[PDB]
Amino acid sequence: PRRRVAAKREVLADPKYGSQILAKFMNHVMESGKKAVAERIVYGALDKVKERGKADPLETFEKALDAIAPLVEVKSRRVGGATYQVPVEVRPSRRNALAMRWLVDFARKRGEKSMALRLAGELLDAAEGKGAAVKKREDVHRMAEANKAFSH
Amino acid sequence: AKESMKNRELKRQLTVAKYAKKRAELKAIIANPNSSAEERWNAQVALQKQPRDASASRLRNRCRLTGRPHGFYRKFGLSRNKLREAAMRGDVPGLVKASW
Amino acid sequence: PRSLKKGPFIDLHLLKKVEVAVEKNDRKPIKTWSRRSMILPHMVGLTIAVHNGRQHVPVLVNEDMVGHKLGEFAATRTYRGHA
Amino acid sequence: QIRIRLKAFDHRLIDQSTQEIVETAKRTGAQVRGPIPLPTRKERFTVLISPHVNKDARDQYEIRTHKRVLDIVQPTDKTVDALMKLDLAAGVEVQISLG
Amino acid sequence: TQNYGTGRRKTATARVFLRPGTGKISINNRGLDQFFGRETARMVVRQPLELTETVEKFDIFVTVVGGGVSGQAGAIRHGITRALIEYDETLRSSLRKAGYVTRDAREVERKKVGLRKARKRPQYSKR
Amino acid sequence: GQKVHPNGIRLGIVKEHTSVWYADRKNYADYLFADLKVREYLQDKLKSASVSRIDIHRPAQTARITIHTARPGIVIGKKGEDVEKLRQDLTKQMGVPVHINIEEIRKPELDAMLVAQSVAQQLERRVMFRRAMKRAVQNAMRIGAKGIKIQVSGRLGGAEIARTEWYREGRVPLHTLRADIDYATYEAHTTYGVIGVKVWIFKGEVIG
RNA sequence: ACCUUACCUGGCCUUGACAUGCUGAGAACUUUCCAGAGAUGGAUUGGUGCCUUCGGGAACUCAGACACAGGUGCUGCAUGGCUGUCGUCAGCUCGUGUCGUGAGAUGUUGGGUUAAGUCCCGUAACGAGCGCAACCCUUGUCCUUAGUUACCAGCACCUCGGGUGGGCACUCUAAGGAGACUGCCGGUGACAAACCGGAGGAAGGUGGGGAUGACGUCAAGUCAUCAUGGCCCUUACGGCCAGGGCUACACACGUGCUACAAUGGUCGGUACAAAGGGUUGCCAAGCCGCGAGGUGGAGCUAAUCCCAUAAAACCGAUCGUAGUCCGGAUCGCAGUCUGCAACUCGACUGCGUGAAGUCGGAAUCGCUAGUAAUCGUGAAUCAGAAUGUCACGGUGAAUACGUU
Ligand SMILES: [Mg+2]
Ligand SMILES: [Mg+2]
Ligand SMILES: [Mg+2]
Ligand SMILES: [Mg+2]
Ligand SMILES: [Mg+2]
Ligand SMILES: [Mg+2]
Ligand SMILES: [Mg+2]
Ligand SMILES: [Mg+2]
Ligand SMILES: [Mg+2]
Ligand SMILES: [Mg+2]
Ligand SMILES: [Mg+2]
Ligand SMILES: [Mg+2]
Ligand SMILES: [Mg+2]
Ligand SMILES: [Mg+2]
Ligand SMILES: [Mg+2]
Ligand SMILES: [Mg+2]
Ligand SMILES: [Mg+2]
């Protein structure tokens, strides 16, 4: 917006865990206002993570997002006759949004019985990085060096 | 909204209203479960005796000032494009513009 | 369709022109305009000229059309074909 | 033990009529509770304004109907039975029940 | 004794009575969990009560009319906040910092002419 | 663009309805039909008299009509041989009994309907429209009338192309709801068609 | 569906279905029949009327005659009225003065600032009008009055239903008021307008939404809602009646509904809405039907009775990703209901059959907070017919660094 007066609302309504990132992930996985459905699906996924993963699931969650967040992002700018791309450092707030969106959209595309164990599967895969979300993250990362020439 | 057409719907109004009782009795006897097939059939014949121009389905209500077949409001008696004209002058009691 | 509370429906003058007809065998088609009337097995073999919009198409009734109305055996839209 | 029900289109007349009847009843020696207001009926109409095709051009009109209730405790003077022509004047409808 | 409060939110109106007790919590003479079925509504109700460490200090009797489960839960929260502040009138600043006494003024926007929803519009082909 | 009717937008706020009564689901349509018929009949018959406002009230099974006219002499002739025939005719139309009260209005040139009718009947007599506009505006402004606008549309004169002219003076704020803007329209029938006349008159502010 | 209806086929009328003016006969009404698809034509018991200057007269039906009546016939490029659009964008003008030979220009340019030609300061301009803002409606806090049909904190009874006695506590309903005004504090600011913060407050910077549409433009739309200048037909381009079509079908386009599934489809019981309509009406209880429904008759002119059981949501069980316990088109058979009449051409119900569809190319659309998305409910028109229009609530996000 040209005016830049649009402030942001603050949401923090963690039911039991009392965290922050969890609720934003809730909103990301919430579809068509099905908040309770998102509750039960993500909590079943986290239960599977907790039974599979020895440690608590929240630090595993944040470590998984640590391996999906892209450090730099490429963005096309047209020089006026040619279609270029420019690498830029990602906004610190934007990193979490990209992390959450990528993780959800990649957990959606597994194809197994439900997306609770899909979310668990990519949560453990992203915990060190053998998933597909990390594949897209590293591809986008390497595009920056592929286009480091312009940068400025 | 030709005046002949208004005349021929007003005459339909009289023709419908002027019986007003044989329809009710015949249809009530027909719909009565215990009346025998003879009183079913004679009632059917009686219903088919009278002119078709007697039912309420044939009666298409119209604006009382223009007779426009479309755009009717039965709470009033006026059409779509006379109710507004009368309302803006304040003739219709207790009618204003609504915002809420 | 019409409920079981009412079995038949026939134009009354049609009923009188068919019931009087059966006193002698089929000798002439009967001219009719009411496409709505039912047909029972009691005018089987009679030929009825039902109005179609511009002409009275004659159709010979048989026993195998008790449950179909007069108008079903008369088409009002031509559609000879696009080309 | 009588009860009076008032119908009106605009509250301006109904408030005046209720005040008049309450004052007359209290002055004549009767006992009267507090005027009870009922939910007002709102009839909504939406009408095309163009004489030809303009579907998005509407006009919205509203009819408001106001309902009031009153009661008379210890009916001692039926003077209100000589004042209908004054209690209701132009656009207020009065019903009296349980005479 | 006792104190009273009223909470309104999302066309939901709730009345709260606060007495000495330990927090039995009755929703229209029904168990709290029997009413709030598998939701955070219990926690959002308990938010302001537990913010002032008085969960076991009082007993609550409430009634609710209108709205959905989230609206009724918000109404309970607002009403019990207004009732609690009526008992210990030094914690108003704490609730102001927490922003619990402040009512939510959001409400459903009406539908308008020429639109499907309150703001949705048809597709508008330009040719 | 188009402008909302200034009388309708101010209904309830500063203007008053011309038919004040109450009815229910059955008699409401009949009452409206009777009111419209009586109003058109009264206007058509007392066209010669300068009649502006026909107020209708309905007490229980009765009817009262009040007439705002600049000329009460014509209707009230030699001690009441006119209004009584009118009462009888209206009772022929209105099933309920009627009641008539002739109200005389001062300053006719401050009433929009009268000004519009005078301008229209002048244009019917092949008079130049600009002179009529100026005379009406000046007559209105001699007394009160903190603003007035007059508009005339059609084939002015005898030209075979229509146009609109208007003259204003003072202030006529149509976007202020306090202002009681009197408004009127009328039609003048000539040999070359129809001429439309619109009059806006601004009286003053209503405060408190 | 008939009507609507303005079109076609066929049948039937000529001062006519309707208005006024002349003459004659007489009541309307009720006549229970016949022929006719029907307009229509022919019998048909009954009454000869009201008021009387008792002479007569009004009203109603029919017959004749002209002046007529009639037209949804053409001209929106002859018009009125009404409406769209640029655009709810911030502009558009005038008086007096001044400058120029004049068309014209200043006011209305400039520095800031604002959502705004909003405001401040300057300044050959000084002032004003239509616009902007405000007055109107609604939503969010509190107060006064009000307590039935609405409410139930306390007291008691209770058959444990505010059910009962009872109360004016509360919610609520509807009238009148208070409150929000950059008001107070800090900084910036030409020590101005204003901006960026803070406190308090339910609400803070026109709080949210609505109504409100300047001068004019598009010879924009409408002669078919209406009115109207012309032109046109008068045995017809005017009227009446039966059927048919507007729902046709090698194709193309716009706007929608349902899906292609597992954040799903089925099964069991389960909790919470708002708004509204109903005496030519709603239509309960009970009983009979798997079923749409039928008998029945209660209560209600309605905060009192009915429509009327919200749904998504939650818990448990099952299906296991398969064109399938998905998806429902199509079709066959048998039914319910309104309607004179469901073939052309209605809506629903029962059994069975079960398609395309594996998320969609170029291209293109809507939306900034109770918003999008998703779930259900109601009203108008209406005998019947809504995936459309208008309206009401349930759950309820993501994103905005920036103006190339
Ligand atoms: Mg006409
Ligand atoms: Mg109909
Ligand atoms: Mg609302
Ligand atoms: Mg909604
Ligand atoms: Mg397109
Ligand atoms: Mg035009
Ligand atoms: Mg025009
Ligand atoms: Mg000079
Ligand atoms: Mg200039
Ligand atoms: Mg300018
Ligand atoms: Mg200004
Ligand atoms: Mg304004
Ligand atoms: Mg602040
Ligand atoms: Mg044109
Ligand atoms: Mg026909
Ligand atoms: Mg069509
Ligand atoms: Mg299925």
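As a basis for the values below, the full set of heavy atoms in this structure was taken, side chains included, without hydrogen atoms, waters or symmetry mates. Below, read A as the first sequence line, B as the second, and so on, with proteins coming before strands; counting in each chain starts at 1.
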Which letter, B, S or -, goes with each nucleotide of nucleotides 392-404 of chain G from 5' to 3', with contact meaning a protein heavy atom under 4.0 Å? SSSBBSSBBBBB-

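- Legend: residues meeting side chain to side chain contact (heavy atoms under 4.5 Å, CB included) with D:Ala57, ordered by chain and number and at least two apart, are D:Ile49, D:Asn54.
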I need a per-nucleotide contact map over nucleotides 164-174 of chain G, read 5' to 3'. Cutoff is protein heavy atoms under 4.0 Å; write B for the base, S for backbone only, - otherwise. -----BBSSBS

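- Every residue two or more places apart in sequence or in another chain that forms a side chain to side chain contact (heavy atoms under 4.5 Å, CB included) with D:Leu38 is listed here: D:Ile36, D:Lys67, D:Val69.
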Throw together a table of side-chain donor-acceptor distances under 3.5 angstrom for residues 113-127 of chain E, partners on residues two or more places apart or in other chains.
unit_1	atom_1	unit_2	atom_2	d
E:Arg119	NE	E:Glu109	OE2	3.4
E:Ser125	OG	E:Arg127	N	3.4

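- Scanning for salt bridge (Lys or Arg N to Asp or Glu O under 4.0 Å) contacts around B:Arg62 gives an empty result, with sequence neighbours left out.
- With sequence neighbours excluded, the residues forming a salt bridge (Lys or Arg N to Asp or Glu O under 4.0 Å) with F:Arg178 are F:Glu205, listed by chain and number.
- Within the structure, every pair that satisfies the salt bridge (charged side-chain N to carboxylate O under 4.0 Å, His left out) test and touches residues 37-59 of chain D, not counting sequence neighbours, is listed here: B:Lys75-D:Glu43, B:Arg84-D:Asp59, B:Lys97-D:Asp59, D:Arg44-D:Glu62.
- Partners of A:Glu39 under the side chain to side chain contact (heavy atoms under 4.5 Å, CB included) rule, at least two apart in sequence or in another chain, are A:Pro15, A:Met26, A:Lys35, A:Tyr43, E:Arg38.
- C:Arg35 places a side-chain heavy atom less than 4.5 Å from the side chain of C:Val50.
- Within residues 111-118 of chain A, the residues that have a heavy atom under 4.0 Å from RNA chain G are, in order of number, A:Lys113, A:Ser114, A:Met115.
- For B:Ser99 against G:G210, a side-chain N or O and a base N or O form a donor-acceptor pair under 3.5 Å.
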Produce a footprint string for nucleotides 215-224 of chain G: one letter per nucleotide, 5' end first; B if the base is under 4.0 Å from any protein heavy atom, S if only the sugar-phosphate is, - if neither. SB----BS--

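- C:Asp11 meets the side-chain hydrogen bond (donor to acceptor under 3.5 Å, both in side chains) test with C:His13; sequence neighbours excluded.
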